[PDB]
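Structure file upload_23.txt with compact mmCIF, N, CA and C atoms:
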# COMPACT_ATOMS: atom_id res chain seq x y z
N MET A 1 -6.57 -16.42 7.73
CA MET A 1 -5.40 -16.52 8.58
C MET A 1 -4.18 -15.88 7.91
N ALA A 2 -4.42 -14.80 7.18
CA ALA A 2 -3.34 -14.10 6.49
C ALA A 2 -3.32 -12.62 6.87
N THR A 3 -3.67 -12.33 8.12
CA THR A 3 -3.69 -10.96 8.60
C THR A 3 -2.36 -10.26 8.33
N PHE A 4 -2.42 -8.93 8.20
CA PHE A 4 -1.22 -8.14 7.93
C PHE A 4 -1.30 -6.78 8.61
N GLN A 5 -0.36 -6.52 9.51
CA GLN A 5 -0.33 -5.25 10.23
C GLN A 5 1.01 -4.56 10.06
N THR A 6 0.98 -3.23 9.93
CA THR A 6 2.20 -2.45 9.75
C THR A 6 2.04 -1.04 10.32
N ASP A 7 3.01 -0.61 11.11
CA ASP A 7 2.98 0.71 11.72
C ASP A 7 3.90 1.67 10.98
N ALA A 8 3.91 1.57 9.65
CA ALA A 8 4.75 2.43 8.82
C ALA A 8 4.40 2.29 7.35
N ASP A 9 4.90 3.20 6.53
CA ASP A 9 4.64 3.18 5.10
C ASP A 9 4.97 1.81 4.51
N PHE A 10 4.36 1.50 3.37
CA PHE A 10 4.59 0.22 2.71
C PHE A 10 4.43 0.35 1.20
N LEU A 11 4.90 -0.65 0.46
CA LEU A 11 4.81 -0.65 -0.99
C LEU A 11 3.68 -1.56 -1.47
N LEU A 12 3.01 -1.15 -2.54
CA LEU A 12 1.91 -1.93 -3.10
C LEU A 12 2.16 -2.25 -4.57
N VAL A 13 1.87 -3.48 -4.96
CA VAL A 13 2.06 -3.91 -6.34
C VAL A 13 0.78 -4.52 -6.91
N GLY A 14 0.33 -3.98 -8.03
CA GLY A 14 -0.88 -4.48 -8.66
C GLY A 14 -0.80 -4.47 -10.17
N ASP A 15 -1.72 -3.75 -10.81
CA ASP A 15 -1.75 -3.66 -12.26
C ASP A 15 -1.86 -2.21 -12.71
N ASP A 16 -1.32 -1.30 -11.90
CA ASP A 16 -1.35 0.12 -12.22
C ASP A 16 -2.79 0.60 -12.43
N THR A 17 -3.57 0.60 -11.36
CA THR A 17 -4.96 1.03 -11.43
C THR A 17 -5.16 2.38 -10.74
N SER A 18 -5.98 3.23 -11.35
CA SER A 18 -6.25 4.55 -10.79
C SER A 18 -7.02 4.44 -9.48
N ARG A 19 -7.60 3.27 -9.23
CA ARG A 19 -8.36 3.04 -8.01
C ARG A 19 -7.43 2.82 -6.82
N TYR A 20 -6.13 2.81 -7.09
CA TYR A 20 -5.14 2.61 -6.04
C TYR A 20 -5.30 3.64 -4.93
N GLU A 21 -5.70 4.85 -5.31
CA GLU A 21 -5.90 5.92 -4.34
C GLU A 21 -7.13 5.66 -3.48
N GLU A 22 -8.22 5.26 -4.12
CA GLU A 22 -9.47 4.98 -3.41
C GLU A 22 -9.31 3.76 -2.51
N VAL A 23 -8.66 2.73 -3.03
CA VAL A 23 -8.45 1.50 -2.27
C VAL A 23 -7.71 1.78 -0.97
N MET A 24 -6.65 2.59 -1.06
CA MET A 24 -5.86 2.94 0.11
C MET A 24 -6.61 3.93 1.00
N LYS A 25 -7.32 4.85 0.38
CA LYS A 25 -8.09 5.86 1.11
C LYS A 25 -9.05 5.19 2.10
N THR A 26 -9.49 3.98 1.76
CA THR A 26 -10.41 3.25 2.62
C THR A 26 -9.84 3.08 4.03
N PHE A 27 -8.52 3.16 4.14
CA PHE A 27 -7.86 3.02 5.43
C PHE A 27 -7.41 4.38 5.96
N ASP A 28 -8.03 4.81 7.06
CA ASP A 28 -7.70 6.09 7.67
C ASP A 28 -6.21 6.19 7.94
N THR A 29 -5.57 5.04 8.15
CA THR A 29 -4.14 5.00 8.43
C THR A 29 -3.34 5.62 7.29
N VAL A 30 -3.89 5.55 6.08
CA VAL A 30 -3.23 6.10 4.90
C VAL A 30 -3.25 7.62 4.93
N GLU A 31 -2.09 8.23 4.70
CA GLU A 31 -1.97 9.68 4.70
C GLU A 31 -1.82 10.21 3.27
N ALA A 32 -1.00 9.53 2.48
CA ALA A 32 -0.76 9.93 1.10
C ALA A 32 -0.16 8.79 0.29
N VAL A 33 -0.16 8.94 -1.03
CA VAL A 33 0.39 7.92 -1.92
C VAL A 33 1.34 8.54 -2.94
N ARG A 34 2.32 7.76 -3.37
CA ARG A 34 3.30 8.22 -4.35
C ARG A 34 3.69 7.10 -5.31
N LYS A 35 3.74 7.42 -6.60
CA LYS A 35 4.10 6.44 -7.61
C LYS A 35 5.61 6.31 -7.73
N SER A 36 6.08 5.11 -8.08
CA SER A 36 7.50 4.86 -8.22
C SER A 36 7.96 5.11 -9.66
N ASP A 37 8.87 6.07 -9.82
CA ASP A 37 9.39 6.42 -11.14
C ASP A 37 10.09 5.22 -11.77
N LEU A 38 10.80 4.45 -10.95
CA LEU A 38 11.52 3.28 -11.44
C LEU A 38 10.55 2.20 -11.90
N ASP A 39 9.51 1.96 -11.10
CA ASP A 39 8.51 0.95 -11.42
C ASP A 39 7.11 1.54 -11.37
N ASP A 40 6.45 1.60 -12.52
CA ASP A 40 5.09 2.14 -12.60
C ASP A 40 4.10 1.23 -11.89
N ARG A 41 4.48 -0.04 -11.72
CA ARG A 41 3.62 -1.01 -11.06
C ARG A 41 3.90 -1.05 -9.56
N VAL A 42 4.61 -0.04 -9.06
CA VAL A 42 4.94 0.03 -7.65
C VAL A 42 4.52 1.38 -7.06
N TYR A 43 3.85 1.33 -5.91
CA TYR A 43 3.38 2.54 -5.25
C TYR A 43 3.72 2.51 -3.76
N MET A 44 4.17 3.64 -3.24
CA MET A 44 4.53 3.75 -1.83
C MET A 44 3.46 4.52 -1.05
N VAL A 45 2.86 3.85 -0.07
CA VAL A 45 1.82 4.47 0.75
C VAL A 45 2.39 4.98 2.06
N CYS A 46 2.17 6.26 2.34
CA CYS A 46 2.66 6.87 3.57
C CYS A 46 1.55 6.98 4.61
N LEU A 47 1.68 6.21 5.69
CA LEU A 47 0.69 6.22 6.76
C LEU A 47 0.83 7.47 7.62
N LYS A 48 -0.22 7.78 8.38
CA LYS A 48 -0.22 8.94 9.25
C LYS A 48 0.51 8.64 10.56
N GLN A 49 1.40 9.55 10.96
CA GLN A 49 2.16 9.38 12.19
C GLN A 49 1.23 9.14 13.37
N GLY A 50 1.21 7.91 13.87
CA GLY A 50 0.36 7.58 15.00
C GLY A 50 -0.67 6.52 14.65
N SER A 51 -0.93 6.34 13.36
CA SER A 51 -1.91 5.36 12.91
C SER A 51 -1.24 4.01 12.65
N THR A 52 -2.06 2.97 12.51
CA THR A 52 -1.55 1.63 12.26
C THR A 52 -2.42 0.89 11.24
N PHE A 53 -1.85 0.61 10.08
CA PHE A 53 -2.57 -0.10 9.03
C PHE A 53 -2.66 -1.59 9.33
N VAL A 54 -3.77 -2.00 9.94
CA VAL A 54 -3.98 -3.40 10.28
C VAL A 54 -5.00 -4.05 9.35
N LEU A 55 -4.76 -5.31 9.01
CA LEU A 55 -5.66 -6.04 8.13
C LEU A 55 -6.29 -7.23 8.85
N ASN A 56 -7.55 -7.09 9.22
CA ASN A 56 -8.27 -8.15 9.92
C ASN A 56 -8.54 -9.33 8.99
N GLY A 57 -8.59 -9.05 7.69
CA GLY A 57 -8.84 -10.10 6.72
C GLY A 57 -7.59 -10.47 5.93
N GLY A 58 -6.55 -9.66 6.07
CA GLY A 58 -5.31 -9.93 5.36
C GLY A 58 -5.23 -9.19 4.04
N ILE A 59 -4.38 -9.68 3.14
CA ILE A 59 -4.21 -9.06 1.83
C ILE A 59 -5.34 -9.45 0.89
N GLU A 60 -5.98 -10.58 1.18
CA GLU A 60 -7.09 -11.06 0.36
C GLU A 60 -8.24 -10.06 0.35
N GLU A 61 -8.58 -9.55 1.52
CA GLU A 61 -9.66 -8.58 1.65
C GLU A 61 -9.34 -7.30 0.88
N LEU A 62 -8.05 -6.95 0.83
CA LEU A 62 -7.61 -5.75 0.14
C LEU A 62 -7.73 -5.93 -1.37
N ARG A 63 -7.46 -7.14 -1.85
CA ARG A 63 -7.54 -7.43 -3.28
C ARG A 63 -8.98 -7.30 -3.78
N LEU A 64 -9.93 -7.65 -2.92
CA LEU A 64 -11.34 -7.57 -3.27
C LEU A 64 -11.77 -6.13 -3.52
N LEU A 65 -11.17 -5.21 -2.77
CA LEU A 65 -11.48 -3.79 -2.90
C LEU A 65 -11.23 -3.31 -4.33
N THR A 66 -9.97 -3.34 -4.74
CA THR A 66 -9.59 -2.91 -6.08
C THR A 66 -10.10 -3.88 -7.14
N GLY A 67 -10.30 -5.13 -6.73
CA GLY A 67 -10.78 -6.15 -7.65
C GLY A 67 -9.65 -6.87 -8.36
N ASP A 68 -8.48 -6.87 -7.74
CA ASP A 68 -7.31 -7.54 -8.32
C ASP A 68 -6.59 -8.37 -7.27
N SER A 69 -6.36 -9.64 -7.59
CA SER A 69 -5.67 -10.55 -6.67
C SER A 69 -4.17 -10.27 -6.65
N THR A 70 -3.68 -9.64 -7.71
CA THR A 70 -2.26 -9.31 -7.81
C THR A 70 -1.85 -8.31 -6.74
N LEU A 71 -2.81 -7.55 -6.23
CA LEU A 71 -2.55 -6.56 -5.20
C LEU A 71 -1.79 -7.18 -4.03
N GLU A 72 -0.56 -6.71 -3.82
CA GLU A 72 0.27 -7.22 -2.73
C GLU A 72 0.85 -6.08 -1.91
N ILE A 73 1.30 -6.39 -0.70
CA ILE A 73 1.88 -5.39 0.18
C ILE A 73 3.27 -5.82 0.66
N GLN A 74 4.22 -4.89 0.59
CA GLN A 74 5.59 -5.17 1.02
C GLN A 74 6.12 -4.06 1.92
N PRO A 75 7.07 -4.41 2.79
CA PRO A 75 7.68 -3.45 3.73
C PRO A 75 8.56 -2.43 3.02
N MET A 76 8.12 -1.18 3.01
CA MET A 76 8.87 -0.11 2.36
C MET A 76 10.19 0.14 3.09
N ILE A 77 11.30 0.01 2.36
CA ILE A 77 12.62 0.22 2.93
C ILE A 77 13.04 1.68 2.83
N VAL A 78 13.50 2.25 3.94
CA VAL A 78 13.94 3.64 3.97
C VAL A 78 15.33 3.79 3.37
N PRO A 79 15.49 4.79 2.49
CA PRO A 79 16.77 5.06 1.83
C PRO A 79 17.81 5.62 2.79
N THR A 80 19.08 5.50 2.42
CA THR A 80 20.17 5.99 3.25
C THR A 80 20.81 7.24 2.65
N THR A 81 21.30 8.12 3.51
CA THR A 81 21.93 9.35 3.07
C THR A 81 23.45 9.24 3.11
N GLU A 82 24.07 9.19 1.94
CA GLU A 82 25.52 9.08 1.84
C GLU A 82 26.02 7.85 2.58

Using structure tokens, write down the structure from this file.
Amino acid sequence: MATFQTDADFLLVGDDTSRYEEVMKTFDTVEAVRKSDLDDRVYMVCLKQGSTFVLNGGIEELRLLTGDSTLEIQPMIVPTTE
């Protein structure tokens, strides 16, 4: 009962694993990934325009993929120009 759906890019926090790409790749909704210069333990996933990253099992199912319970998902905030 911890489903998670998002129709836009989001941030992921784990333990800095190279499998972060494969874990996200599992979701067709994922278009690309980028590491955070400020925080190495933070990654921003960019979904494909038109797709929707839905979690039928929630964040728990996602943690099983990479094999880390620390794996979390947060709403990526868009920066402002001037």

Q: Can you list, as a PyMOL selection string, all residues belonging to region 9-56 of chain A that DSSP tags as strand (DSSP E)?
A: chain A and resi 10-13+30-35+42-47+53-55

Q. So, counting all atoms listed in the file, which residue among A:40, A:21, A:7, A:15 is closest to residue 54 (chain A)?
A. A:7

(Q) Measuring between only C-alpha atoms, which one of A:2, A:78, A:12, A:59 shows the shortest distance to residue 45 (chain A)? (A)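 Distance minimum relative to residue 45 (chain A) lands on A:12.
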
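Ranking A:68, A:22, A:82, A:28 by their shortest atom-to-atom distance to residue 47 (chain A), with only N, CA and C atoms included, puts A:28 first.
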
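Going from CA of residue 24 (chain A) over to CA of residue 53 (chain A), you cover 10.0 Å.
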
Q. In Å, how far is it from CA of residue 80 (chain A) to CA of residue 5 (chain A)?
A. 24.4 Å

Q) When distances are computed from all atoms listed in the file, which of A:38, A:44, A:65, A:55 shows the smallest separation from residue 19 (chain A)? A) A:65

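Our summary of the geometry notes that atom N of residue 39 (chain A) is positioned 16.6 Å from CA of residue 70 (chain A).
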
Q. Given the choices A:62, A:71, A:46, A:32, which gets closest to residue 17 (chain A) if the distance is worked out from only C-alpha atoms?
A.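 Comparing A:62, A:71, A:46, A:32 against residue 17 (chain A), the winner is A:71.
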
Select from chain A everything DSSP, run on the backbone, classes as alpha helix (DSSP H), then give the selection as a PDB file with N, CA and C atoms, in the coordinates of the input.
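Dumped everything to out.pdb:
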ATOM      1  N   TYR A  20      -6.130   2.810  -7.090  1.00  0.00           N
ATOM      2  CA  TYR A  20      -5.140   2.610  -6.040  1.00  0.00           C
ATOM      3  C   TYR A  20      -5.300   3.640  -4.930  1.00  0.00           C
ATOM      4  N   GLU A  21      -5.700   4.850  -5.310  1.00  0.00           N
ATOM      5  CA  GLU A  21      -5.900   5.920  -4.340  1.00  0.00           C
ATOM      6  C   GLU A  21      -7.130   5.660  -3.480  1.00  0.00           C
ATOM      7  N   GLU A  22      -8.220   5.260  -4.120  1.00  0.00           N
ATOM      8  CA  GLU A  22      -9.470   4.980  -3.410  1.00  0.00           C
ATOM      9  C   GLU A  22      -9.310   3.760  -2.510  1.00  0.00           C
ATOM     10  N   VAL A  23      -8.660   2.730  -3.030  1.00  0.00           N
ATOM     11  CA  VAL A  23      -8.450   1.500  -2.270  1.00  0.00           C
ATOM     12  C   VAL A  23      -7.710   1.780  -0.970  1.00  0.00           C
ATOM     13  N   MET A  24      -6.650   2.590  -1.060  1.00  0.00           N
ATOM     14  CA  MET A  24      -5.860   2.940   0.110  1.00  0.00           C
ATOM     15  C   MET A  24      -6.610   3.930   1.000  1.00  0.00           C
ATOM     16  N   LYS A  25      -7.320   4.850   0.380  1.00  0.00           N
ATOM     17  CA  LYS A  25      -8.090   5.860   1.110  1.00  0.00           C
ATOM     18  C   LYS A  25      -9.050   5.190   2.100  1.00  0.00           C
ATOM     19  N   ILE A  59      -4.380  -9.680   3.140  1.00  0.00           N
ATOM     20  CA  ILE A  59      -4.210  -9.060   1.830  1.00  0.00           C
ATOM     21  C   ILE A  59      -5.340  -9.450   0.890  1.00  0.00           C
ATOM     22  N   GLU A  60      -5.980 -10.580   1.180  1.00  0.00           N
ATOM     23  CA  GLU A  60      -7.090 -11.060   0.360  1.00  0.00           C
ATOM     24  C   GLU A  60      -8.240 -10.060   0.350  1.00  0.00           C
ATOM     25  N   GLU A  61      -8.580  -9.550   1.520  1.00  0.00           N
ATOM     26  CA  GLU A  61      -9.660  -8.580   1.650  1.00  0.00           C
ATOM     27  C   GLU A  61      -9.340  -7.300   0.880  1.00  0.00           C
ATOM     28  N   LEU A  62      -8.050  -6.950   0.830  1.00  0.00           N
ATOM     29  CA  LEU A  62      -7.610  -5.750   0.140  1.00  0.00           C
ATOM     30  C   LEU A  62      -7.730  -5.930  -1.370  1.00  0.00           C
ATOM     31  N   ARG A  63      -7.460  -7.140  -1.850  1.00  0.00           N
ATOM     32  CA  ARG A  63      -7.540  -7.430  -3.280  1.00  0.00           C
ATOM     33  C   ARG A  63      -8.980  -7.300  -3.780  1.00  0.00           C
ATOM     34  N   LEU A  64      -9.930  -7.650  -2.920  1.00  0.00           N
ATOM     35  CA  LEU A  64     -11.340  -7.570  -3.270  1.00  0.00           C
ATOM     36  C   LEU A  64     -11.770  -6.130  -3.520  1.00  0.00           C
ATOM     37  N   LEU A  65     -11.170  -5.210  -2.770  1.00  0.00           N
ATOM     38  CA  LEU A  65     -11.480  -3.790  -2.900  1.00  0.00           C
ATOM     39  C   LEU A  65     -11.230  -3.310  -4.330  1.00  0.00           C
ATOM     40  N   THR A  66      -9.970  -3.340  -4.740  1.00  0.00           N
ATOM     41  CA  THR A  66      -9.590  -2.910  -6.080  1.00  0.00           C
ATOM     42  C   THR A  66     -10.100  -3.880  -7.140  1.00  0.00           C
TER      43      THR A  66
END

Q) Which of these, A:56, A:66, A:81, A:75, has the shortest distance to residue 1 (chain A) once you count all atoms listed in the file? A) A:56

Q: Tell me which protein, DNA and RNA residues are within 7 Å of residue 13 (chain A), counting only N, CA and C atoms, leaving out same-chain ones fewer than 6 positions away, and put them as a list in words.
A: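 Those residues are residues 41, 42, 43, 70, 71, 72, 73 and 74 of chain A.
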